[PDB]
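Notes follow once the structure below has been shown.
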């Protein structure tokens, strides 16, 4: 079995999801604003046309055929409003047509047409911006419901599982992780919240990922990491939050998708280990998503990372 | 009290209106209004031209002669026909007849040109509000930056946040120092730029704007402030330029906002006041005290002198 | 001869101007056609049709509120829509109104408030459909990172000797010269490893240094370039040997991101290597042939033929022998 | 003095309009000529099929007979069909020629015409956006120094070259990287004729993100990691190397990014030279002399390369 060879790697769903999202969103937000923005200007132009009719007073000569009204077949407010909505939207049925005997009518038609073009351009731009975004969120790219600190290669390591559900919509990505918690400092300069970056491979470029399967991304706990002074017993009391952002993720189509999750002090487990999601066999591999979040307890020292390093130094010396 | 969601954090019409206002009517709207009007006027002129050439004007009320365009016997009539055809309304009171090939080709040209103009309209509306570098987007910076003691080391910190809602949480922050440096070789560079690290080595530049932070840069041996003292600062003429870029949660567009600090705006021995106050299950922000700063007790010696004193005390 | 690139142009003979009108039209046609063929058009057709059909059904229904088919013959009664009798009439009116045509043979009459609101909804829904449609067509073009078939990788990565160190190198190039430049490369290796604690990782990813520390991963690519990675302590290949290589069954992926000088867009290329495609103790054959005043590139023969002798043993053992002989 | 104190950002509308008009004066003929033919082809094809549907319907037998309802009212064979096609496709619909309900296939034909016209309008907008909103541009306002020099700076051998813009307000932030291209022969018998080696102009510390408010002298140090470590003054002419410099930045006026490129040869690198100061500060204001952007003046620097300089420094220290 080979990953791939000189290739990318080895569509009704997307359209259906987009249609469902649009249908869900259109009930409350879209139907109100997008309709009212046209309705207000159409009503405004209706009042303007009615005011011009009143100035010309063609209702008095509505039955009179000798008079030439500004707009043919104008009888009342509803007639003017209907003429306005006809003209502005570029329909022009013809039962009512502007005559050639009033320059004010020509000026109004020009203004209405250009303003309607502007409104349509605004409509298209707003629809494009709202529906299409350079970095849209993705329902895939689920994170592990737990982050586990475990024992790896002589050093403690915090890891969380991240992967893609569709097995093809994510190949390349990047990951960043920030711990937010409050300090006190030696000078008493209390800070209600502090952000510190936990290294996940920024120096070595390991932060970039080729996601072909679920990956257990492991942070390394060293003398330059926030968790360097925490232990098993001290973890529950201290309240800290971890925010993990995965970005720069193409979908083998071209756009960029983003995802974000977090972990709380009650959501971090000590001394556990992720259950492997992939099992190999002669000629084949099998991955079962049912064990994506499954974790099993393993033996590990309960001392702090600094305490573990001190114990190792004492034993070596 | 949590600052997360499983897929998000813990309106758009206003942003669109602000973008339209920034684009402004004078820059774009008036120009395209004029181009539309001149287009319609020119095509009305050519409609009069073809009507005169054919002679349709002479036989205004001749049933035998079928005109090129029905009921077109005046300049205002020709202008109405032009504006109706170009904008694709087609009332029908004025209709073309088949027996005029010149009218046919003119209609073809006018339709093509009108579609082109509409495409130009939309493309212009797909440029002024589609650039990937927006305005400041109300991402204010602290009017002052302070230098003081933290973690036992002298550091320079300035407050960064957004007075609007927490609708944007992503930022890369860079800070340059502009100063005139006299080289030991005698060369004088009047505008010298030196980058001060804010976490570039550790990747700490990519910060989370969940709340107004106090961005702090350590004053180490590499830092340009390695020789700046309390009395040295007033007589210097340095400058700091801070540029922060970030993408909003609404759309992938990125806004870039930057500010500057002159030597007057930098204070020695002060500290920012806290802006977040917590309570039993609820947190609050006093955005009034965003720029507030209170004096603290810090040594007046330079960072080099602090290091020398620490070395002497250790020795 | 040097690449003065004073106007961002490599000093190389170019024939891109010849048949440029044919070539650009052909590629913009093919790229647009390949995605849709009959996949976009069908969806467009069904959504427009079902919208129009829906409008027609509701127009027929509102006509079935005594507005017509009761006094159609009688001229005194004024229907909601002039000349609207059957379902076909309703469909033909909905298609005219929604498409912003409005011939006027069938036109709504002002004396029906229920029709004005219906037209109000129909016109705005049609405009929304059109705007969404233009956006859906547009998003195909706006996507960056378009696939590039012009970038090629060497079919055989090779480990060899370089300046006293073991180095793993492979050639990367562009099909035509002066098309892609300032490309960025990144190489990872996928391998199953077992920790000392008994933990098993069926798929472990490790980035191999190709210049990320020094920013050397951004290569100009004027000629087929032999991208090389030096084996050090941090290099995962530091433990493997000549005999271990056929038995490792490790895998390597390489990703290259560049910008096309013609349009300024972004392009991506991706390649893989297996333990069978990594030959030990070989070396690439040069593709450039310099001469007085001119260089010759035999790109038609990539010279993926290799030949070498001397390298053996491993990386760790070689270094150990090095400092043992040194001291 | 008081540089960028304001937080507003401290080329007119007429200039932008003139530039747009100049671009249009060349582009509009190209676009019209290349697209009108296929527009006419589409309309003529649809007019032909609108004629054929009537012909197979055979309504010409009752052209003068109003008793029999035709597919479309008041239609002639060769010309009027094309008129109806153009009146319908582009959403005009005068109404003098209107479809009738008596023919079923006319509805299908109209549906096809409308959907295809929508596709063509989408093509209009796509082509217009591609033509007017190209994502990359080659700005000519950024000029590199015609000469790069090597001199002394704080006891270190440093290679500098001058960069900057022309209108002083187009490019304000830009990243810079430089690669040396040289043929190298290894001790193992390898001969790579085109060896690329990046020279750090501040990539380690992020110093490459220049804030361009004035012509700036970019300086690259010489150390163990610098390829110029062994390059002596006498050795420099014989090296026949080459340097390529790339500078990408973001346009202040429009969020679109711009890129510039330049190169230097062994004959364009001078020993012991300094850029003359382009910008001089006076009382109350500064003055920038763009005429001295490329001007350089000789200065006294040691002729030995960096290695002998380091050896001499070590010997003096010892």
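Residue numbers (the deposited numbering), protein chains in the order written: chain B, 55 to 64, 75 to 381; chain C, 55 to 64, 77 to 381; chain A, 55 to 381; chain D, 55 to 64, 74 to 381.
Even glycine gets a Cβ: it sits at the ideal position worked out from N, Cα and C.
For residue 237 of chain C, the beta-bridge partners assigned by DSSP are C:273. Sixteen is the threshold: since fewer than 16 other Cβ atoms of the shown chains lie within 10 Å of the Cβ of residue 379 of chain C, the residue is exposed. A contact between stretches requires three or more CB pairs, one per stretch, nearer than 8 Å, and the segment 255-275 of chain D fails this requirement with the segment 317-325 of chain D.
Residue state for residue 205 of chain D is assigned as coil, using DSSP reduced to three classes. Listed along chain B are 158, each with a C-beta nearer than 7 Å to that of residue 158 of chain D. Taking a Cβ-Cβ cut-off of 9 Å, residue 365 of chain B has no neighbours in chain C, whose nearest Cβ is about 27 Å from it. Listed in chain order, the beta strand (DSSP E) runs fully inside the segment 307-380 of chain B are 320-328, 332-334, 336-338, 342-345, 348-351 and 359-361, counting runs of at least 3 residues. Taking the Cβ atoms as the reference, residue 274 of chain D lies roughly 7 Å from residue 235 of chain D, within the contact range of under 8 Å. No Cβ of chain C is located within less than 8 Å of the beta carbon of residue 347 of chain D. Per DSSP, residue 162 of chain D is not a residue of any beta strand (DSSP E), being assigned neither H nor E.
Against chain C, a Cβ distance below 8 Å from residue 279 of chain D picks out 257 and 259. Annotation: the continuous alpha helix (DSSP H) that includes residue 190 of chain D extends over 168-195. In this structure, C:140 is the residue among C:61, C:340, C:140 and C:187 with its C-alpha nearest to the C-alpha of residue 167 of chain B. Nearest CB-CB separation between residue 266 of chain D and chain A: below the 8 Å threshold.
Of C:129, C:296, C:359 and C:264, the smallest CA-CA separation from residue 307 of chain C is found for C:264.
Fewer than three beta-carbon pairs drawn from the segment 191-200 of chain C and the segment 231-250 of chain C are found closer than 8 Å, and the two stretches are therefore not classed as touching. Put simply, the CB of residue 137 of chain D is far from chain A, with every gap to its CB atoms at 8 Å or more. At a cut-off of 8 Å, the C-beta of residue 319 of chain B has a neighbouring C-beta in chain A. For residue 104 of chain D, there are no neighbours in chain A by C-beta distance under 8 Å, as the nearest C-beta there is about 15 Å away. The beta carbons of residue 215 of chain B and residue 338 of chain B sit about 13 Å from each other, so the pair does not count as a contact at 8 Å.
Minimum Cα-Cα distance from residue 248 of chain D among the listed residues A:230, A:217 and A:228 corresponds to A:217. Counted as a single uninterrupted DSSP element, the stretch harbouring residue 293 of chain A is not any alpha helix (DSSP H), since DSSP gives it neither H nor E. Cβ-Cβ distances below 6 Å link residue 180 of chain C to 152 in the same chain, with the five nearest sequence neighbours on each side left out; the list follows chain order. Here DSSP, grouped into helix, strand and coil, assigns residue 282 of chain D to strand. Put simply, the segment 128-135 of chain B does not touch the segment 96-109 of chain B. Fewer than three CB pairs are less than 8 Å apart. With 16 or more other Cβ atoms from the protein chains shown falling within 10 Å of its own Cβ, residue 117 of chain C counts as buried. Note that the C-beta distance between residue 310 of chain D and residue 237 of chain D is below 8 Å.
One finds 324 in chain A with Cβ atoms closer than 7 Å to the Cβ of residue 62 of chain B, taken in chain order. Judged by DSSP secondary structure, residue 260 of chain A falls within the beta strand (DSSP E) whose first and last residues are 254-262.
When Cβ-Cβ separations below 8 Å define contact, residue 227 of chain B makes no contact with chain A.
Assignment of residue 138 of chain D by DSSP, reduced to helix, strand and coil, places it in the coil class. Residue 198 of chain B has its alpha-carbon roughly 46 Å from the corresponding atom of residue 359 of chain D.
The Cβ neighbour count for residue 56 of chain B, taken over all protein chains shown within 10 Å, is under 16; the residue is labelled exposed. In the DSSP secondary-structure assignment, residue 123 of chain D is not bridged to any residue. By the Cβ criterion, the segment 362-377 of chain A is in contact with the segment 291-305 of chain A, since at least three pairs of Cβ atoms, one from each stretch, lie closer than 8 Å. Your pair residue 156 of chain B and residue 155 of chain C checks out as a contact, with CB atoms roughly 4 Å apart and the cut at 8 Å.
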